[PDB]
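Heads up, the thing below is written out as structure tokens.
Chains as they are written, first to last, in UniProt numbering: chain A, 8 to 157, 170 to 293; chain B, 735 to 1281, 1294 to 1303.
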């Protein structure tokens, strides 16, 4: 047995499965088959540790993990002996997301919590964590993630049901409110921007009324078309999801312990894939 | 027990439920579908492969597709593209199984979607051109004839009119045999008529037409198959005064296509127009894959429109096959097809190739994005993502040797081997490797407490054989030094020769002070500068403040 996992993300090279569970430990099971071998138990956080996220190499790998308490502990190897570099402890509610940027933008850690805040946690070689806080919602921001489609945004999805496209300016190293999308009766849990290598981006607005509205754009600036994955109230409040890098298979997790892999056919409508 | 209600009220602040699951994507685009029993508490799922051809798993079939292609040194972007796809559909007819209308499908496009020509020049142009279409027709009618094999042989065995047997022999294209059975029915004049066939000529049509019409205004009782023999003779199997619908309820639509191409004039028309008039007459399914071959030989002229529509209606052709036709016949130009048809089918095909962990084969396919930025981002990204999958073959490693700048893939390689868990030998392989083309700043900070392993003359003079490369390559990323790497010019000439300061010592106390800033994350690297200082100034009576206390700089006291 393993206690209730709430995220287990892999490296950019696909090795260190980071199972962060309700036992308050991130158990780094470095993958060699079924010899997912425990290389470190990451004791630090003081509540159930919900999300992990790995940074792509440029320095190492820096695991940034987040939790109930408000602590995003900046985990970094010292010859595999992981410890926090520093602590980003700025967030006074249960922290939702943790999420590393491509190094087109910098090593920018994007942290949101449902205290309202989204900090662009800009990182430096002197081991500092630097917040550029906006408050994007006030019933809480339940995710924030970047938009590395071909550019430069993070999208928020939160508790007041709004889905706010924060497109680039970098006037300060936070982005300006371009637009605001709306179409739910319950909280936007997850905003899953398509990390595609083509011009199109989609945005599966995975929700707690169980309408996974994929707003379909045909471009960066394009229309926000309501072409929902599931166009009903699908059973149990929908958990975390991502778009494939290439193949556009919406892995729409439920809360019902099924992940509705639902690939794309060309018309912006959605057909099964497991 | 205390834990149970705790985590309940926490997860109702969170608005999570007590049952939870996630599966997310990774570096070979695969899932980590939580199920609750595992010690990683995932079941790492293969995402289903939508493309499962057994002859993708030959890497020499990757190499056949590179050789039927002219590789394009492109000038918007350095990454490879294709100047000319003359890709054959005979390159999978040697790896495929040979029984299947999968084999007949791929063969039909080998007669139609790759050329057929007559070898040597016949004297007039109209004649030369007719013999390309006649050669193509020999293969093509063999095809039509082969595939109506069982349905005709079934009715040969069965009880039949005498003239129903002559007609059916003629459907498998037998002429003499049909005449000999005519001969047996005591009909000599008839057997003359069966031995025109294989050939029409204009005078017999007018006589055959005149005779069917004599029958109409004549008496009662006719045979149907006798009427069919005159339909062949009229030159007009369907486009005469009767149209054959008795053989689309008993036989196929393919049994109909034999009748136009053999007794509906024998390529005095072009093929293309014959098969198009024959679509209009009889609806050739949008649901048979061998059907859609005919249909986009019929609609050669403006392929693109009818191709989009039938790609929704035939899924018993694979996404390989759909892509293959756009590639072959767009740089040949015979089928109108946009760039973006090739760009949508490239993404799709490459994406299924990735789910099978065939990323060499994915790469080659993503090269056929011939929109310029599209094969910037895709080529870049797919190499930088996975390295060992692209060194899994030598033919894989040729596609990175191709028009890709060694450079990309060594940059992928050493980005991967940059961790902090092996990092001494592989931060050397940014500089030794030289795709980053000088990047030894992080080698300063990986040779702080790694002069604390052993000091011996060529471990001493290892930091003056990777620090001479500082200047062999011009200043590039993280670089411009000779204060902080004028520490290790003179750390050597300090501990070798007793020195009365030559003032590169005076660069080096500054350099140790620069080096104290830098620790790039490791336990002590900003106190290892002490170690290297307190090794060496101490060759003049000079005490200066450390890079704490006075024995940390000098070891004089």
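All C-beta atoms, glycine included, are put in the ideal place defined by N, C-alpha and C.
Determine the chain A residues that contact residue i at a beta-carbon separation under 8 angstroms, and present them in chain order.
| i | result |
| --- | --- |
| residue 1084/B | 265 |
| residue 1153/B | 64, 67, 68, 84 |
| residue 884/B | By Cβ distance, chain A contributes nothing, its closest Cβ being about 35 angstroms from residue 884/B, past 8 angstroms. |
| residue 1245/B | In chain order: nothing, as chain A lies at least about 18 angstroms away. |
| residue 776/B | 12, 15, 24, 26 |
| residue 1150/B | 20, 64 |
Within the 9 angstroms Cβ cut-off, does residue i reach chain A?
| i | result |
| --- | --- |
| residue 974/B | no |
| residue 765/B | yes |
| residue 1043/B | no |
| residue 903/B | no |
| residue 1077/B | yes |
| residue 1055/B | no |
| residue 772/B | yes |
| residue 1023/B | no |
| residue 782/B | yes |
| residue 1098/B | no |
| residue 1046/B | yes |
| residue 769/B | yes |
At a CB-CB cut-off below 7 angstroms, which residues of chain B make contact with residue i?
| i | result |
| --- | --- |
| residue 258/A | 754, 755, 756 |
| residue 19/A | 761 |
| residue 115/A | Per Cβ cutoff of 7 angstroms: no residues; residue 115/A is ~17 angstroms from chain B at best. |
Out of curiosity, what's the CA-to-CA distance linking residue i and residue j?
| i | j | result |
| --- | --- | --- |
| residue 289/A | residue 271/A | 12 angstroms |
| residue 1023/B | residue 1156/B | 54 angstroms |
| residue 813/B | residue 1117/B | 11 angstroms |
| residue 753/B | residue 24/A | 21 angstroms |
| residue 1151/B | residue 128/A | 26 angstroms |
| residue 1181/B | residue 84/A | 17 angstroms |
| residue 1302/B | residue 1241/B | 20 angstroms |
| residue 938/B | residue 1025/B | 33 angstroms |
| residue 924/B | residue 917/B | 8 angstroms |
| residue 217/A | residue 1115/B | 12 angstroms |
| residue 76/A | residue 93/A | 16 angstroms |
| residue 1050/B | residue 143/A | 49 angstroms |
| residue 865/B | residue 1058/B | 27 angstroms |
Anything in chain A within Cβ reach of residue i, meaning under 7 angstroms, just list it in chain order.
| i | result |
| --- | --- |
| residue 1089/B | 266 |
| residue 741/B | 29, 55 |
Just the chain B side, please: which residues come within less than 8 angstroms of residue i by C-beta, in chain order?
| i | result |
| --- | --- |
| residue 132/A | 1252, 1254 |
| residue 54/A | 744 |
| residue 87/A | 1154, 1155 |
| residue 92/A | 1255 |
| residue 75/A | 744, 748 |
Beta-carbon of residue i versus every beta-carbon of chain B: anything under 9 angstroms?
| i | result |
| --- | --- |
| residue 57/A | yes |
| residue 153/A | no |
| residue 253/A | no |
| residue 281/A | no |
| residue 80/A | no |
| residue 249/A | no |
| residue 217/A | yes |
| residue 261/A | yes |
Quick check on residue i: does DSSP put it in helix, strand or coil?
| i | result |
| --- | --- |
| residue 880/B | helix |
| residue 987/B | coil |
| residue 1142/B | helix |
| residue 799/B | helix |
| residue 285/A | coil |
| residue 197/A | strand |
| residue 842/B | helix |
| residue 1041/B | helix |
| residue 1087/B | helix |
| residue 1262/B | coil |
| residue 121/A | coil |
| residue 860/B | helix |
| residue 45/A | strand |
| residue 189/A | coil |
| residue 996/B | helix |
List, from N- to C-terminal side, the alpha helix (DSSP H) runs of 4 residues or more that fit wholly inside the segment 237-262 of chain A.
none
Taking only runs that begin and end inside the UniProt repeat "WD 2" (51-92) of chain A, name each unbroken beta strand (DSSP E) of 3 or more residues, in chain order.
56-61, 69-74, 79-83
Which complete beta strand (DSSP E) runs does the segment 901-972 of chain B hold, if anything under 3 residues is left out?
none
Pick out the complete alpha helix (DSSP H) segments inside the segment 1155-1203 of chain B, 4 residues or longer, and give them in chain order.
1162-1165, 1175-1178, 1191-1194
Identify every run of the beta strand (DSSP E) within the segment 806-853 of chain B, keeping only runs that are complete inside it and at least 3 residues long; order them along the chain.
815-819
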